[PDB]
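[1] structure of the sequence below:
(2 chains)
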Protein chains: 2
Amino acid sequence: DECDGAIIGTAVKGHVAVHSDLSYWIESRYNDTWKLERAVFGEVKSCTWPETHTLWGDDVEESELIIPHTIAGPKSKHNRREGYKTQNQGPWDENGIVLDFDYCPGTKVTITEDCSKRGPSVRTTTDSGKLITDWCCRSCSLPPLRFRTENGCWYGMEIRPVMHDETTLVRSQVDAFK
Amino acid sequence: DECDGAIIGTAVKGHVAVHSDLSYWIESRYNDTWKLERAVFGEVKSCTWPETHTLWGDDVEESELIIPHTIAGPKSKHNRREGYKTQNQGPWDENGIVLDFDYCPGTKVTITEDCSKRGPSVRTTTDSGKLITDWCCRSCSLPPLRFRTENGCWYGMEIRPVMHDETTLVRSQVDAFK
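    Residues are numbered from 1 along each chain as shown, chains lettered A, B, ... in the order given. I have put the structure below:
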């Protein structure tokens, strides 16, 4: 069950590339390497993005694909960022999501092996609304992988909160690999 | 110069409607009335949304159209919210914008005629990064018209900041009617 290809536009012109359809707009850009810049989502859908409308699809590790292939993430090397594996436990259950690489307001991220492994995405505001200001990751690149939803700012799976008192965490309840 | 219609999908099914193309996803919804809910933008473009792909286009005041018609805002009564006129001075010069109706984090809006008229959109963080916490509007509906861009949270033209000390304001430098 491929996503319908009649309604897909994919283009690269020099050093910007877009994979787009009626709900997704996925931009990658070349600085020194090619990398995923930002992605905008009307609504998340479960289908497979057709190879006919996929740039740079030779020899693709699906684990490297930031937007999971099960939710119409293109099976493209444009869909990558150094230091991040597929974000299957992002906050995908929301609507109107933006994915980019930038700090959540008020937060700070440190690259250090004194950090827990990948988990579900965590929102930057506690269950009662307090800001979690410090974050870490084992080997993720900066600036950090960011999701914005209507209700909050969330980090990629790699990036874990740093807490020193008892805190309730809001975490993505969904998995794109079910 | 109409936007290309080959690449447009517009549908309404019961009480949800979407106007969509390769960069825009515009959702309206019926609760008691029909109103614009949210809109997601890969990139802003200057063209006219064709009537062939426009619901509820009989007898339309272009001043009521939240997304200006000059930037491919559909000329549709779905593209409306009570208490708001067209947002021609929104922060349209950014990329990956989301428009919805919700409070900017940490802010509060009061409906009162002790308030200045419509102006350019104002970001909620001052030029040096301080949060402007209080806002007002003459006759706008709540929850308030919100833009989110990469860099900040912005309010609709109707909604003005409330300040009691000297402050530098970041304001949209663009006009969709040039």
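
[2] what about residue A:63, which SS state?
    Following DSSP: H, G, I helix; E, B strand; the rest coil, we place residue A:63 in the helix state.

[3] would you confirm that it contacts residue A:86?
    Yes: with contact defined as C-beta atoms under 8 Å, residue A:63 reaches residue A:86; the gap is 5.6 Å. The C-beta positions use only the backbone N, C-alpha and C, and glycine is treated the same way.

[4] so what's residue A:101 bridging to?
    Residues in a beta bridge with residue A:101, per DSSP bridges, are residue A:145.

[5] the more surrounded of residue A:63 and residue A:86?
    The residue with more neighbours, out of residue A:63 and residue A:86, is residue A:86; 22 against 10, by other C-beta atoms under 10 Å in any protein chain shown.

[6] surely the more buried one meets residue A:62?
    Yes: counting by C-beta under 8 Å, residue A:62 is a contact partner of residue A:86 at 6.9 Å.

[7] quickly list what's touching both of these two.
    Both residue A:86 and residue A:62 are in contact with residue A:69, where contact means C-beta atoms under 8 Å, 6 or more residues apart in numbering or on different chains.

[8] tell me where chain A has helices.
    For chain A, applying DSSP state H gives no helices.

[9] for burial, what's the neighbour tally of the closest residue to residue A:151 other than its chain neighbours?
    Using C-beta to C-beta, 6 or more residues apart in numbering or on different chains and skipping residues adjacent in sequence, the residue nearest residue A:151 is residue A:94, 7.2 Å away. Residues within reach of residue A:94, counting by other C-beta under 10 Å, total 19.

[10] from residue B:169, how far off is residue A:94?
    Relative to residue B:169, residue A:94 is positioned 30 Å away (C-beta to C-beta, to the nearest Å).

[11] kindly report the same for residue A:150.
    Residue A:150 is 25 Å from residue B:169, by C-beta to C-beta.

[12] same question for residue A:69.
    44 Å.

[13] kindly report the same for residue A:96.
    Here residue A:96 is placed at a distance of 27 Å from residue B:169 (C-beta to C-beta).

[14] which one's more surrounded, these two?
    residue A:96 (21 against 14).

[15] spit out the contact partners of that one.
    A:41-42, A:149-150, B:25, B:38, B:40, B:98, B:100.

[16] dump these into a markdown table; add distance to residue B:142 as well.
    Shown next, in a markdown table, are these (distance: C-beta to C-beta, whole Å):
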| residue | distance to residue B:142 |
| --- | --- |
| A:41 | 26 |
| A:42 | 25 |
| A:149 | 20 |
| A:150 | 16 |
| B:25 | 24 |
| B:38 | 16 |
| B:40 | 22 |
| B:98 | 18 |
| B:100 | 13 |
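
[17] between these, which is nearest residue B:76?
    Of all the contacts of residue A:96, residue B:76 sits closest to residue B:25, with 14.2 Å by C-beta to C-beta.

[18] verify the contact between the closest one and residue B:67 for me.
    No: assessed by C-beta under 8 Å, residue B:25 is found out of contact with residue B:67, at 11.4 Å.

[19] between the two, what contacts are shared?
    If you check residue B:25 and residue B:67 against C-beta under 8 Å, 6+ apart, the residues they both contact are residue B:39.

[20] now for residue A:155: which residues touch it?
    A:104, A:107, A:109, A:121-122, A:124, A:135, A:144-147.

[21] can you name the residues bridging to it?
    Bridge pairing for residue A:155 - DSSP bridges - gives residue A:146.

[22] next: residue A:122.
    Beta bridges link residue A:122 to residue A:171 when assigned by DSSP bridges.

[23] what's the distance between it and chain B?
    Between residue A:122 and chain B the computed distance is 17 Å (C-beta to the nearest C-beta, to the nearest Å).

[24] got the CA positions of stretch A:125-132 in CSV?
    The C-alpha coordinates for stretch A:125-132 follow below in CSV (Å, rounded to 0.1, in the frame of the first residue of the first chain):
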residue,chain,number,x,y,z
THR,A,125,7.1,20.9,30.0
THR,A,126,6.3,18.7,32.9
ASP,A,127,2.8,17.2,33.5
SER,A,128,2.1,20.3,35.6
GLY,A,129,3.8,22.7,33.2
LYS,A,130,7.3,23.3,34.6
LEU,A,131,10.1,23.7,32.1
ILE,A,132,12.8,21.0,32.1
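
[25] buried ones in that stretch?
    Counting neighbours by 16 or more other C-beta atoms under 10 Å in any protein chain shown, one finds that the buried residues in stretch A:125-132 are A:125-126, A:132.

[26] export the residues you listed to CSV and tack on distance to residue A:140?
    Formatted as CSV, these follow (distance: C-beta to C-beta, whole Å):
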residue, distance to residue A:140
A:125, 21
A:126, 22
A:132, 17
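
[27] which member of those is positioned nearest chain B?
    Of all the buried residues of stretch A:125-132, the one sitting nearest chain B is residue A:125; the distance, using C-beta to the nearest C-beta, is 8.0 Å.

[28] thinking again about what came up before, buried subset of the contacts of residue A:155 as a PyMOL selection?
    Buried residues within the contacts of residue A:155, by 16+ other C-beta under 10 Å, are selected in PyMOL with:
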select buried, chain A and resi 104+107+109+121+122+124+135+144+145+146+147
